[PDB]
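Enquirer: This one's a deposited entry, sequence included:
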Amino acid sequence: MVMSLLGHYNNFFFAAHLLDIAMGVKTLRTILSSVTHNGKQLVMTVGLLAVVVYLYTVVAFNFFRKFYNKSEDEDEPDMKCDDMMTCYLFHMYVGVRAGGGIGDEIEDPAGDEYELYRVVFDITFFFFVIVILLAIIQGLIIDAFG
Amino acid sequence: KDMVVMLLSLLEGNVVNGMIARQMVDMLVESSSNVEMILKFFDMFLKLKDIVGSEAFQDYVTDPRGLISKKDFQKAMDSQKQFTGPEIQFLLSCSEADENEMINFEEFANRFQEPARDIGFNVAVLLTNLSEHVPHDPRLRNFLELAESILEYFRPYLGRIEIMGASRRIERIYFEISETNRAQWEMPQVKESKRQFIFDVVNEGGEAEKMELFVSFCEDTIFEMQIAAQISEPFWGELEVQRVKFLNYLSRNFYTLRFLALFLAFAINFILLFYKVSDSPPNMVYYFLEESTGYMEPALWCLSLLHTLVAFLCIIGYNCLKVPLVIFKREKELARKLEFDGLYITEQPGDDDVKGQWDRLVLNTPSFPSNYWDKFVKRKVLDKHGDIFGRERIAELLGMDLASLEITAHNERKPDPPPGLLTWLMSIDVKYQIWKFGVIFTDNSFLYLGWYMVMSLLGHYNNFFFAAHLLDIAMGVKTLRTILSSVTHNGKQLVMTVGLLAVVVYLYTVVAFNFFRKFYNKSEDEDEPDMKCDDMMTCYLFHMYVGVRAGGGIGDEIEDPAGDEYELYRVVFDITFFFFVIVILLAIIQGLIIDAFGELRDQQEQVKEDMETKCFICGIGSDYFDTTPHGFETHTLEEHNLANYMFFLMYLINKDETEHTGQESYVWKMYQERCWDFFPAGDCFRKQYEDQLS
Amino acid sequence: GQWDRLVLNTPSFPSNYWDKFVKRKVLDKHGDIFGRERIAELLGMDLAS
Amino acid sequence: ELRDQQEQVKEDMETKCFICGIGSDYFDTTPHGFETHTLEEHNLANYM
Ligand SMILES: Nc1ncnc2c1ncn2[C@@H]1O[C@H](COP(=O)(O)OP(=O)(O)OP(=O)(O)O)[C@@H](O)[C@H]1O
Ligand SMILES: Nc1ncnc2c1ncn2[C@@H]1O[C@H](COP(=O)(O)OP(=O)(O)OP(=O)(O)O)[C@@H](O)[C@H]1O
Ligand SMILES: [Ca+2]
Ligand SMILES: [Zn+2]
Ligand SMILES: [Zn+2]
C-alpha cells in the first residue's frame, strides 16, 4: 500500500512492487530462502571482513602511505591514505571489489626498501579477503541450498 | 524415618511382584486407617505452607502486626475449599493462638516443614518403590492418590537411577537430590559444560571409554560447583577478607569484564578512525587526531588506561576461576596414572611426552594434590607398589617420610599457625609453584589473555596496537568462532595446497626463465627496460605476486605473443597456468572451506540425532522405548537420566559410609575401584521385566 | 503475553474462539485458590449476572 | 566423495564385524560385547 501510494508522488516508486515476485513465485521464494537461511552467518562474515580490512588499513596508514597516490597529475597528488577514515573507505570500496586485492589499485612496489613487506601485504590481503572470506560467503549460500 | 528405612532395606533386590513387596502392601492395607492419618498429617501442612503464602490468605490478613484471629483463620481456610471442618479445627488446635486468639501463621506454617521433611521424603520413596514393583495391585493406588501432594512436593528431589546390581539384574535405586545440587546443576555455565562434554563424547568418542569419560565429567562438575559456591557472595585480617571479596567479585564477573574489554576496544578503534597525518605539527611527519570537539584526545588516553586495567582484571579473574579446574584435572589424571598404571614406577614415559616429563616436578612436592581431593594418593601408591619396586625408592620418588606415617596414624598434633607474612614466606612450595605456573603458561586460554595483556601494554607505546584487540570477536562471538572454525578445520590441507601452488609456480618460473624471457618487459620506456625475469628469484617473485592475483593468469601481465615463433608454446603456457593455478588450485582452497562447513554441520546433526535416538547410558535406541507411549521421553527423564547419575555420585560422596545402603555401598566400592559395570549397558528395568510389567 | 493483557477483561474476548465460557471455566478452576473476586476483576466478569 | 568414502569405511568397521557380518547392536547386548567380539572371538589378526 505505502509504496503504491508513493508511486503517485513519483512513478518510479512502482519499481518496488517488482519485488513481489519474491513471495508470489514459490521457486524464487525458495531461492531467496537459500540466502536467508544463514543470514546471521552472512552478516557475521561481512563484519569480520570489515574488521580485517580495518586491520589492513591500520597497517597501510602506519607504513605504506606513499603507495596510495591515486593522481596521474604530478603537482596536486590525490593521496587516499593521509587520513585513516579515507584509507578505510578506499580499502572497503576498491580493495574488496578488485580481483587481485588492494595491490591492483595501489602503486607498484618494485625497487623499494619495503618491497617484500608490501608484497606480503598484498598476497595476504588477496588470500584472506578476496579468496577465503568471499569463499565463506558463497559456501554459506551453497550449504543453505543443501 | 528409621522404621521406613528398615522397610526400604527389606525391599533391597526386590523383583517385580516380589513376595516381600506384596507382604509390605498387605501390611500397609492392614493399617490403612493409620497410613491415611499419617499421609493426611503430611498433606495438611504441605498445603498450609503454600496457602499462608497466597494472596487469598493475605487478603484476610489485616492486622498490621502480621497476625490473624482464629475466626479470620477459619473463614480464610474454608474460602480455600481445600480443607474440611474437622481439618480446619485441627489446624486451629495446632496453631499456638495466644489468649487474644491471635495466630502467628508465618511460624505456624514453618513449624513442621523441617521436622517432617525427611520422613515425608522417605514415605514418598517407599510408596514409589512399592508402586513401581507391584504395578497391578489396586489397593496401592488408593495410597498413591492420598499421597499425591507428598509425591508432587518431593518429585524434584526424588532421584531414581537404574544399575546392574550384584544379583546380575537391573535394579532401580531411589535417593535424595538436594536443592543446592539441583540449583547448581541448572546454572548456565554448568549447562554449557554439559553440552560441550556431550558433543565431545558423541562426536569423537568410543563406547569403551564412554562411561569413564562421563564419570570424569561428573568429577570435574562437582569441583566446578564447589568453586562456584566459594566465589558466590550472599590489619592482616581486614586485608585478607577484602582481598578474597575482590577476587570473588572478579571471578563472578569474568565474562562481563571480558565484554567490557571488547566494548572498550571498539570505542578505542572508533576514536582511532579520526587519526590524520600531516607534515605540519599539530622531513618528519606528525600523527594526530583531527577533530573539532577537542574531547577525544583525552578520551583516548582514558579509554586506553581503562582497557589495560580491565584486561589485567580479566587475567586475575581467569586464574581465580578456571586455573583451579585446569590444575584439578591435571593432578587427578596424574594421580590415577600413578596408582592404576605405575606411570613413573613401571613405564617411565620416553622423553617424547612433554606432559609426562613436566609432571615429574610435582611428584615429590609436599603439596602435590592441592586441588585434587585425594590427599592420600601417595600413601595408596606406596601400599600398592612398594613391595615390588621398593618402599624406600617409592618414598624417594614421591618425597615421603616413612617415619611420619606411624605418628600420623597414632595421634594428631595441633601446632601454632602464626598469622604472619614472615612465617608464611617459607611455607611456599617453590617446586610445586613452578610446576603450576608451567601448566598455566601452557594453557591456551591463559596464553590468549596474556597476549591480550601484551598488546594492551604495547597500545600505550603506540595507540594503533589497540587494533589487535578487535580480533577478540573471533572468540567472543560464537558465530564468528564457528565461521573461523570452518577455516581452521582443514588448515593442514590449506597450507599443503598453498605449498603445492608455490611449487607449480616455481615450475612455471623455471620454464619462463629458460624460454620466454623476452616477454617479461614491464617498462613502457624504450631505452631502460624493466625485465622481471632476468633473475630467477625476481621471476619467481613476479609470478607469485602478479600471476596468481591476475584474473587471467600470467598472460594478463606479460607481453602479447602474437606473431612470434614461440606463439603456440606461450599460449599453451598461459592456458595451462590459468587452469592449474587460477582455476583448479583456488577451487581446491574454496572447496576445502565449503567442505569444512559441511563437515561441521553434519557433526552437529549427528550429535543431535544420536542423543534423540539412543539413550546416552544404556545404548538402547528410541525405537524400543517408543513401544509404550512417550517411552523414550520417560526413559531419558526418569529411568536413565544422566543428571541423576551425577546427583547420585554427589549423594554418595556426601553420605556417610556407615549409612550407605547395600546398593549404594556396591556402587561406591565399584566406583572407587574404577569399575563401571554398574552402569546399565544395553539393558534396562523395562526390558528385564517385560513379561511381569506387561 | 504482555500485549494479551489488554484482552482479558474485554466483554468480547473469545470472539473467534468457539469457547465463549473460558472465563467461567477459569473462574471455577482458580477462584478458590486465588480469589473469586480477584479472578472476576482480572477477567472483567460480573459475578451477579 | 573421498570424505564420505573414509567415513563409510570407518563406520562399517565400527558397526559390523569384518568376519561374521553381525552388527555391533547385537553384541552390545552384553557390555563391551562388540569390543570383545572383535578382539577375542572374531579377530581377523587371529585368522591370519
Ligand atoms: N540418558 C539420557 N539422559 C538424558 N538425556 C538423554 C539421555 N539419552 C538421550 N537423551 C536426550 O538428550 C536430550 C537433551 O536433553 P534435554 O534437551 O531434554 O535437556 P534440558 O535440560 O531440558 O535442556 P537442553 O535442551 O539444554 O539439553 C533429550 O532430548 C533426550 O532425548
Ligand atoms: N573382525 C574384526 N576384527 C578386527 N577388528 C574388527 C573386526 N570387525 C570390526 N573391527 C573393528 O576394526 C577396528 C580397527 O581395529 P583397531 O583400531 O582396534 O586396531 P589396532 O591394531 O588397535 O589399531 P588401528 O587403529 O591402527 O586399527 C576396531 O575398532 C574394531 O571395532
Ligand atoms: Ca550401616
Ligand atoms: Zn537407557
Ligand atoms: Zn564376528
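Expert: Received the coordinates, thanks. Numbers count the residues shown, from 1 in each chain, chains lettered A, B, ... in the order given. Ligands and ions are numbered 1, 2, ... in the order given.

Enquirer: mind listing what the residue in chain A positioned nearest to chain D touches?
Expert: As assessed by C-beta to the nearest C-beta, chain D sits closest to residue A:146 within chain A, at 13.4 Å. Using the backbone N, CA and C atoms, a C-beta is placed for each residue, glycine as well. Listed by C-beta atoms under 8 Å, 6 or more residues apart in numbering or on different chains, the contact set of residue A:146 reads residue B:598.

Enquirer: Residue A:101 too?
Expert: Counted by C-beta under 8 Å, 6+ apart, residue A:101 has contacts A:95, A:122, A:125, A:126, A:129, A:130, B:549.

Enquirer: how does it look with 10 Å?
Expert: A:56, A:91, A:94-95, A:121-131, B:549 (C-beta atoms under 10 Å, 6 or more residues apart in numbering or on different chains).

Enquirer: Residue A:104 contacts residue A:96, correct?
Expert: No. Look at residue A:104 against residue A:96 with C-beta atoms under 10 Å: they stay out of range, at 11.2 Å.

Enquirer: Pull up the overlap in contacts between the two.
Expert: residue A:130.

Enquirer: ranges for the helices of chain A?
Expert: A:2-9, A:21-24, A:26-36, A:39-62, A:84-90, A:115-125, A:134-145 (DSSP state H).

Enquirer: Just send those back as TSV, with mean neighbour count too.
Expert: Formatted as TSV, the helices of chain A follow (neighbours: other C-beta atoms under 10 Å in any protein chain shown):
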stretch	mean neighbour count
helix A:2-9	11
helix A:21-24	11
helix A:26-36	12
helix A:39-62	18
helix A:84-90	19
helix A:115-125	17
helix A:134-145	18
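
Enquirer: which stretch among those comes nearest ligand 4?
Expert: helix A:134-145 (34.0 Å; C-beta to the ion).

Enquirer: Dump the closest one to CSV, keeping only the CA atoms.
Expert: Listed next in CSV are the C-alpha coordinates belonging to helix A:134-145 (Å, rounded to 0.1, in the frame of the first residue of the first chain):
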residue,chain,number,x,y,z
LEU,A,134,34.2,-14.5,-0.2
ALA,A,135,34.5,-18.3,-0.4
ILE,A,136,33.0,-18.4,3.0
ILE,A,137,30.0,-16.4,1.9
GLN,A,138,29.5,-18.5,-1.3
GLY,A,139,29.9,-21.7,0.8
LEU,A,140,27.2,-20.4,3.2
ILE,A,141,24.8,-20.0,0.3
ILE,A,142,25.6,-23.4,-1.2
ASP,A,143,25.3,-25.0,2.3
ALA,A,144,21.9,-23.4,2.7
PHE,A,145,20.9,-24.9,-0.6
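
Enquirer: returning to that earlier point: want to try a markdown table for the helices of chain A, with distance to ligand 5 as columns?
Expert: Shown next, in a markdown table, are the helices of chain A (distance: least, C-beta to the ion, whole Å):
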| stretch | distance to ligand 5 |
| --- | --- |
| helix A:2-9 | 70 |
| helix A:21-24 | 57 |
| helix A:26-36 | 45 |
| helix A:39-62 | 45 |
| helix A:84-90 | 65 |
| helix A:115-125 | 54 |
| helix A:134-145 | 39 |
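
Enquirer: tally of neighbours for residue A:71?
Expert: 11 (other C-beta atoms under 10 Å in any protein chain shown).

Enquirer: now the one 4 residues further on
Expert: Counted with other C-beta under 10 Å, the burial measure for residue A:75 works out to 5 neighbours.

Enquirer: OK, contacts around it?
Expert: Contacts of residue A:75 by C-beta under 10 Å, 6+ apart: none found.

Enquirer: ditto for the one 10 residues further on
Expert: With contacts taken as C-beta under 10 Å, 6+ apart, residue A:85 has the following neighbours: A:57, B:272, B:273, B:274, B:275, B:276, B:290.

Enquirer: Closest to chain C out of those residues?
Expert: Nearest member of the contacts of residue A:85 to chain C, counting by C-beta to the nearest C-beta, is residue B:273, at 40.0 Å.

Enquirer: what residue is smack in the middle of chain A?
Expert: residue A:96 (4.1 Å; C-alpha atoms, centre = their mean).

Enquirer: wait, it sits on residue A:53?
Expert: Yes. Taking C-beta under 10 Å as the definition, residue A:96 is a contact partner of residue A:53 at 7.0 Å.

Enquirer: Give me the common contacts of these two.
Expert: Contacts common to residue A:96 and residue A:53, judged by C-beta under 10 Å, 6+ apart, are A:102, A:125, A:129, A:133.

Enquirer: Now whatever residue of chain A ends up closest to ligand 1: closest residue in space, sequence neighbours ignored.
Expert: Per C-beta to the nearest ligand atom, residue A:40 is where chain A lies closest to ligand 1, at 19.8 Å. What sits nearest to residue A:40 in space, not counting adjacent residues and going by C-beta to C-beta, 6 or more residues apart in numbering or on different chains, is residue B:479, at 6.2 Å.

Enquirer: From ligand 4, how far out is residue A:106?
Expert: Distance check for residue A:106 against ligand 4: by C-beta to the ion, to the nearest Å, it reads 64 Å.

Enquirer: quick one, what contacts that residue?
Expert: So residue A:106 contacts A:60, A:64, A:66-70, A:80-81, A:90-91, A:94-95, A:98, A:118, A:121-122 (C-beta under 10 Å, 6+ apart).

Enquirer: List only those of the residues you listed flagged as buried.
Expert: Using 16 or more other C-beta atoms under 10 Å in any protein chain shown as the burial test, those include A:60, A:64, A:67-69, A:80-81, A:90-91, A:94-95, A:98, A:118, A:121-122 as buried.

Enquirer: For the contacts of residue A:85, give me CSV that also has distance to ligand 2.
Expert: Converted to CSV, the contacts of residue A:85 look like this (distance: C-beta to the nearest ligand atom, whole Å):
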residue, distance to ligand 2
A:57, 49
B:272, 53
B:273, 54
B:274, 59
B:275, 57
B:276, 62
B:290, 64
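
Enquirer: I figured residue A:70 was touching residue A:105, is that so?
Expert: Yes. Counting by C-beta under 10 Å, residue A:70 touches residue A:105, with 7.6 Å between them.

Enquirer: Report the set of residues contacting both of these two.
Expert: By C-beta under 10 Å, 6+ apart, the residues touching both residue A:70 and residue A:105 are A:80, A:90, A:94.

Enquirer: I'd say the first one and residue A:69 touch.
Expert: Which is residue A:80. Yes. Counting by C-beta under 10 Å, residue A:69 is a contact partner of residue A:80 at 7.8 Å.

Enquirer: Need the contact partners of stretch A:107-114.
Expert: Contacts for stretch A:107-114 (C-beta under 10 Å, 6+ apart): A:63-64, A:66-70, A:103, A:115-122, B:522, B:530, B:532, B:538, B:541-542, B:545-546.

Enquirer: let's see 8 Å
Expert: Under C-beta under 8 Å, 6+ apart, the answer for stretch A:107-114 is A:63, A:64, A:66, A:67, A:68, A:69, A:115, A:118, A:119, B:522, B:530.

Enquirer: Quick check: the gap between the fifth one and chain B.
Expert: The span separating residue A:68 from chain B equals 11 Å under the rule C-beta to the nearest C-beta, to the nearest Å.

Enquirer: Please name the residues that touch that residue.
Expert: Residue A:68 touches A:60, A:79, A:80, A:81, A:87, A:90, A:106, A:107, counting by C-beta under 8 Å, 6+ apart.

Enquirer: Angles on the backbone of it, please.
Expert: Note on residue A:68: backbone dihedrals following degrees, to the nearest 10 are phi -100, psi 40.

Enquirer: Now do it against ligand 5, distance only.
Expert: Residue A:68 is 70 Å from ligand 5, by C-beta to the ion.

Enquirer: now the end-to-end length of stretch A:59-74.
Expert: End-to-end distance of stretch A:59-74 (C-alpha to C-alpha, to the nearest Å): 26 Å.

Enquirer: How many residues are close by residue A:78?
Expert: 11.

Enquirer: Quick check: the residue of chain A nearest ligand 4.
Expert: residue A:146 (33.3 Å).

Enquirer: what about residue A:107, neighbour count?
Expert: 14.
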